[PDB]
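To start, the structure itself, in structure tokens.
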Amino acid sequence: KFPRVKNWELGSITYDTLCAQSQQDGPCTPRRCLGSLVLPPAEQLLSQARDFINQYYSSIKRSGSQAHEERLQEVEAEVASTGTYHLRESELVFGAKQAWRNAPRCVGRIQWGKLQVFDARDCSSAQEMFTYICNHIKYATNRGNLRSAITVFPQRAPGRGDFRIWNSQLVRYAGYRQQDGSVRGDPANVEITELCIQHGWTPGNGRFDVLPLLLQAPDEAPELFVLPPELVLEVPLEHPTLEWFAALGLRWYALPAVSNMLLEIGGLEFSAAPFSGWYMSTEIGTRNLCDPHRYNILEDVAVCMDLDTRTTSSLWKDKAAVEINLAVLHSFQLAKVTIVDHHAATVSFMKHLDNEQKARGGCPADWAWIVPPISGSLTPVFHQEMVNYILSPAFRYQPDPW
Amino acid sequence: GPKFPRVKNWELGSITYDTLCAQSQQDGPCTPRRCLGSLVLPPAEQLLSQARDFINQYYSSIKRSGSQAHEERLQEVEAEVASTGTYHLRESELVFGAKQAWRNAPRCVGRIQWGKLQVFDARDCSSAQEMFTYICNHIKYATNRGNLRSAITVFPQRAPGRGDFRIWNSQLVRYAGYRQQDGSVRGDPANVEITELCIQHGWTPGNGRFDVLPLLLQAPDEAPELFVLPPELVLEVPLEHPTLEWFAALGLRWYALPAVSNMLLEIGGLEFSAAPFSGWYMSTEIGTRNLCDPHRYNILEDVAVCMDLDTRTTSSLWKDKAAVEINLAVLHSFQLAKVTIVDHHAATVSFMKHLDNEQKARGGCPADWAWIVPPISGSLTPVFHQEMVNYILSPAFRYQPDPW
Ligand code: HEM
Ligand code: HEM
Ligand SMILES: Cc1cc(N)nc(C[C@@H]2CNC[C@@H]2OCCCCCc2ccccn2)c1
Ligand SMILES: Cc1cc(N)nc(C[C@@H]2CNC[C@@H]2OCCCCCc2ccccn2)c1
Ligand SMILES: C[C@H](O)[C@H](O)[C@H]1CNc2nc(N)[nH]c(=O)c2N1
Ligand SMILES: C[C@H](O)[C@H](O)[C@H]1CNc2nc(N)[nH]c(=O)c2N1
Ligand SMILES: [Zn+2]
Numbered sequence: 069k070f071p072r073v074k075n076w077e078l079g080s081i082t083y084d085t086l087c088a089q090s091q092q093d094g095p096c097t098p099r100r101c102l103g104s105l106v107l108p121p122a123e124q125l126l127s128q129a130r131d132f133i134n135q136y137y138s139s140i141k142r143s144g145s146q147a148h149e150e151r152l153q154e155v156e157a158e159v160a161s162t163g164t165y166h167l168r169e170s171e172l173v174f175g176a177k178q179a180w181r182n183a184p185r186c187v188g189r190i191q192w193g194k195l196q197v198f199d200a201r202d203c204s205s206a207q208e209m210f211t212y213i214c215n216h217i218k219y220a221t222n223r224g225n226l227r228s229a230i231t232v233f234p235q236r237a238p239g240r241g242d243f244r245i246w247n248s249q250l251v252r253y254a255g256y257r258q259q260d261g262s263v264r265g266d267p268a269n270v271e272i273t274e275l276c277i278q279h280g281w282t283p284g285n286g287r288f289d290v291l292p293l294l295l296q297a298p299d300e301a302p303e304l305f306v307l308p309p310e311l312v313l314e315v316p317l318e319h320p321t322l323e324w325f326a327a328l329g330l331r332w333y334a335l336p337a338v339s340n341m342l343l344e345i346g347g348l349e350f351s352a353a354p355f356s357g358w359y360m361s362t363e364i365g366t367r368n369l370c371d372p373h374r375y376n377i378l379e380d381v382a383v384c385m386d387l388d389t390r391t392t393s394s395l396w397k398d399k400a401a402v403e404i405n406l407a408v409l410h411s412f413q414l415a416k417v418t419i420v421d422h423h424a425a426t427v428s429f430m431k432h433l434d435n436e437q438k439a440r441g442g443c444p445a446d447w448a449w450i451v452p453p454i455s456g457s458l459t460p461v462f463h464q465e466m467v468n469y470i471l472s473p474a475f476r477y478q479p480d481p482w
Numbered sequence: 067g068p069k070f071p072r073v074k075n076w077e078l079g080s081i082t083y084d085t086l087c088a089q090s091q092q093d094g095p096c097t098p099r100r101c102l103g104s105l106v107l108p121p122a123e124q125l126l127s128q129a130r131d132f133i134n135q136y137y138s139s140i141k142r143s144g145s146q147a148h149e150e151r152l153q154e155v156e157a158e159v160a161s162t163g164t165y166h167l168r169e170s171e172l173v174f175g176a177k178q179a180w181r182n183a184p185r186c187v188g189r190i191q192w193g194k195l196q197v198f199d200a201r202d203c204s205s206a207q208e209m210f211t212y213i214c215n216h217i218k219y220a221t222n223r224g225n226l227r228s229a230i231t232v233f234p235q236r237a238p239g240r241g242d243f244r245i246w247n248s249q250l251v252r253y254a255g256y257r258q259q260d261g262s263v264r265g266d267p268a269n270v271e272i273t274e275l276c277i278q279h280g281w282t283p284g285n286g287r288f289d290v291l292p293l294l295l296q297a298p299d300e301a302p303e304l305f306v307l308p309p310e311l312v313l314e315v316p317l318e319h320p321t322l323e324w325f326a327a328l329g330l331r332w333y334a335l336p337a338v339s340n341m342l343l344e345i346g347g348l349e350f351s352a353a354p355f356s357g358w359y360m361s362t363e364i365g366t367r368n369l370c371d372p373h374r375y376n377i378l379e380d381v382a383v384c385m386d387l388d389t390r391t392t393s394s395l396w397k398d399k400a401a402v403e404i405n406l407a408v409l410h411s412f413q414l415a416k417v418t419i420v421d422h423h424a425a426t427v428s429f430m431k432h433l434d435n436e437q438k439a440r441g442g443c444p445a446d447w448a449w450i451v452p453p454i455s456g457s458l459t460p461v462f463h464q465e466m467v468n469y470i471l472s473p474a475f476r477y478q479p480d481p482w
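Note that the protein sequences, when read in sequence, are chains W and H.
Read left to right, the first sequence gives residues 69 to 108, 121 to 482 (the UniProt record's numbering).
Read left to right, the second sequence gives residues 67 to 108, 121 to 482 (the UniProt record's numbering).
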């Protein structure tokens, strides 16, 4: 019934009992595991509402209380007549942190209780959304001393279109498709660059042009808003011993703010609820700069390092990746902007796994995402078995609005 | 789309559907409620149906599906099971099944080689002494003075009542792990138990970091007998670095031949409890897992010290830097010693080609992502960006309980 989970470095074993609380099926069946895949009415809403209000009052040790009975009654009353309900700010705050806590793909969950939540549910226009988005960025960046935050726009409603941020992150570099097939700037962002231009943006021609935000209020053409350059902290990349590295003119932004995921709490859905923490250095160093379908800088670096490129067995790739990760760590430290390396991050995650075992009887985790993109077995998470399942509140993927 | 798993490669942006998983007869450990893909560890009427299915696979592989030889062989199997409870495989059926078991193995990144496997039939073997001869012959052939050749030796299958053939050691070549008075381990901590069992059964132990263990071989219904490998048979590679001159002075070494001896090979219901197989190493197995795991040789700190790295802080990437050099040393030393080895880039590129072959041939390929992606430099290899469907096909290599 309950999965035995072993750590192979320390020989220790736990039993996950928290998965018994899952209500949403994943992609796997007894016939085939599909775990490495990146992508996937009153009575129903009511029971998700009840369950979540239970979660809430239990979390403040007021389970069973008067205030608890009277809240379940309100929600019942509101659904029974409107087909939906609304959350109190504190319940919202509880739900957002729990959605982060439950995120199986997140290695930063040790921080889950430290989350600044901006209630933006009194938002009626793209203009307003933009104002909130700027306050979020200002707060989250905090002159390099990054602080986690989420800003929660108005929930989905039966009648009308969603509030949406079209951009996948609040900060993204343009990718400019070229006549000769290739991309200039960030290949991940070709389509979103093209949508911006379509909706009227004057393009630049650099590899690090910060995109404008396309913000959408229900049932309206999305609107374009340029972030003021002052708001977007960037870090120029250099290397501590290699002088020529800085000459590559490479850089990256401080704030990782995801803005396309949907926040589900108690069956309510928040289609625009951007959140940010801080980067783990491998996201920038390994994936963003070294993925072949991204900035793909490995060879350029290896050639600068005068490495033997002609053969795989010289490990020129592994050697250059390390220097690029180190340049990221060094550059962020020198700019006094928050960053965590993959060894410190996974060590803190083990700690988190242990806390959640005592607290909840397990922890949902996606091994393929938790283990870093380089030096996997050098980190303690590699050696840790992990059980993956969906709890609610949750961050989910959603369709692109166009 | 089709209702078969859609599978995407995020580097190339290409889609396939896996239709081969339809063939799976054995449940793995996952359910809609929770994914368990990261766990290392997840007869009668039954026999006949497994047997029928293997025979059909066999006749299909030789394009004689529906033929008289096919239905007569089916009939031949049914009759044999009807009277004896069991049946026996024809020689070419065993060769086909051993290859197909390797081809079906979701945890093996080396499967582009699957069609090239030397199968030694040893189903005549009737003593622990004779197992030893077969194994020595295997090691001799597979090692081939360094020009390694994949091979499997197949010992008699399980029988009703009668006891199993078993090789007690988990690999044909293993270094001793000696438990110290201060709680530490000299040698390979992975091998503490088998070391203790060897001693119990009369082995005179050494005291090095790289003592080759003897074989504990078990014939039906007997206590296991102990056999020492002649050291000229066990090819080893001393380890050195191409530029760090001090690295040879560590006295690190590894053996050439990776030969797994504790897996059960299952074909058409029949269970071969002793069927050791060998290939050649991918360098990360040695340079990263065996030499650097905290619970194995654990040499990272030692190497980083010699390289003068700042080991007091994670953020110097000292671990990553030391691992790279240890991996480079493994590759360099094997190349120098003319012993076959494959780096993790070459290997995983080769596995992408194999995935594409099998898409055309069988409509998919069972694959365990967490095992296929190397333990260093993950996202630098193309398999990282490749979604994979994991499932159990038969023939198969399975794990089995330890014989003690
Ligand atoms: C405190 C700093 C944080 C760090 C260091 C961190 C670390 C990471 C990393 C390395 C990933 C994988 C990223 C990738 O490969 O693209 C990730 C994913 C994720 N994190 Fe965090 N995280 C942090 C804070 C947060 C916060 C504040 C939230 C939400 C409130 C969050 C929710 C998520 C979610 C939902 C994912 C999966 C994203 C997706 O599927 O696109 N994390 N985290
Ligand atoms: C030809 C060269 C070969 C290479 C480079 C290779 C590579 C590998 C690697 C790197 C692993 C992962 C092991 C670990 O993490 O410790 C593995 C596992 C495995 N390979 Fe191979 N392989 C080769 C040949 C073979 C052969 C000949 C067979 C059997 C006929 C085989 C069957 C297996 C099986 C069953 C596993 C799973 C082992 C387990 O779970 O303990 N491979 N292979
Ligand atoms: C449709 C879709 C939406 C989404 N949010 N995520 C995915 C998964 C892919 C895998 N690569 C790009 C995208 O995920 C990027 C998520 C980046 C998270 C950045 C972060 C967030 C918080 C803390 C530290 N770092 C797909
Ligand atoms: C009970 C059990 C049996 C088994 N064979 N394998 C495992 C998995 C664990 C994970 N680490 C050690 C052990 O697996 C060792 C597999 C050795 C593969 C060696 C190899 C074989 C062929 C080619 C290249 N490399 C468990
Ligand atoms: C196909 C595979 O699932 C995909 O490349 C995953 C693997 N693990 C990952 N892990 C993290 N943290 N981020 C990712 O984007 C991915 N990509
Ligand atoms: C917990 C996890 O399953 C375990 O550490 C796995 C991960 N991936 C692996 N991959 C390979 N090739 N070999 C292994 O032994 C492991 N170990
Ligand atoms: Zn699964």
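The beta-carbon is built from N, C-alpha and C at its ideal position, and this holds for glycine as well.
Interface partners of residue i on chain H, CB under 7 Å
i, result
"W/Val402", "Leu395, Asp398, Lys399, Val402"
Listed by chain order, chain W residues near residue i by CB distance under 7 Å
i, result
"H/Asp421", "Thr392, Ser393"
"H/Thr366", "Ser457"
"H/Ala448", "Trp447, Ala448"
Partners in chain H for residue i, counting only beta-carbon separations shorter than 8 Å
i, result
"W/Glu465", "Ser104, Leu105, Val106"
"W/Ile213", "Correct list: empty, because the minimum Cβ distance to chain H is about 28 Å."
"W/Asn405", "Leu395, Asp398"
"W/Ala268", "Within 8 Å Cβ-Cβ: nothing; W/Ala268 doesn't reach chain H, min ~10 Å."
"W/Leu409", "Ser393, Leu395"
Chain-ordered chain W contacts of residue i [CB-CB under 8 Å]
i, result
"H/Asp371", "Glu77, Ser457, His463"
"H/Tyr469", "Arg99, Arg100, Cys101"
"H/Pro308", "In chain order: nothing, as chain W lies at least about 32 Å away."
"H/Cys87", "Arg99, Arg100"
C-alpha gap between residue i and residue j, whole angstroms
i, j, result
"H/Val232", "W/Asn405", "48 Å"
"W/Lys177", "W/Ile190", "11 Å"
"H/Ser411", "H/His463", "30 Å"
"residue 115 of chain H", "H/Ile230", "Regarding the residue in question, residue 115 of chain H is not represented: chain H runs 108 and then 121, omitting everything in between."
"H/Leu369", "H/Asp299", "37 Å"
"W/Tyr137", "W/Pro473", "15 Å"
"H/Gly329", "H/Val420", "22 Å"
"W/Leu172", "W/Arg130", "14 Å"
"H/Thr97", "H/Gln91", "16 Å"
"H/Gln128", "H/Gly346", "5 Å"
Partners in chain W for residue i, counting only beta-carbon separations shorter than 9 Å
i, result
"H/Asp199", "What H/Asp199 touches in chain W: nothing, since even the nearest Cβ is about 33 Å away."
"H/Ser90", "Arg99, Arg100"
Bridge partners - residue i, DSSP secondary structure assignment
i, result
"W/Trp396", "W/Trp396 pairs with nothing; no bridge assigned."
"W/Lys74", "W/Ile81"
"H/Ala337", "H/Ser356"
"H/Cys101", "W/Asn468"
"residue 115 of chain H", "Missing here is residue 115 of chain H: after 108, the next number in chain H is 121."
Interface partners of residue i on chain H, CB under 9 Å
i, result
"W/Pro71", "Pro95, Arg100, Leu102, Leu105"
"W/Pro453", "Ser455, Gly456, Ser457, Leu458, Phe462"
Any heavy atom of ligand 7 within less than 5 Å of residue CB: hits in chain order: W/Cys96, W/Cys101, W/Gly103, H/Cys96, H/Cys101, H/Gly103
Run through the region 191-231 of chain W for me and flag every whole beta strand (DSSP E) of 3 or more residues, listed as ranges in chain order. 196-199
Would you list, in sequence order, the uninterrupted beta strand (DSSP E) runs of no fewer than 3 residues that lie entirely inside the region 344-394 of chain W? 348-350
At 4 residues or longer, and completely inside the region 252-321 of chain W: list those alpha helix (DSSP H) runs for me, N to C. 270-278
Alpha helix (DSSP H) segments (min. 4 residues) lying fully within the region 434-473 of chain W: 447-450
Please list, in chain order, all residues with a C-beta atom less than 6 Å from at least one heavy atom of ligand 3. W/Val106, W/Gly188, W/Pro336, W/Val338, W/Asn340, W/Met341, W/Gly357, W/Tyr359, W/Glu363, W/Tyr477
Please list the segments of the alpha helix (DSSP H) lying wholly inside the region 133-176 of chain H, counting only runs of 4 or more residues, in order along the chain. 146-162
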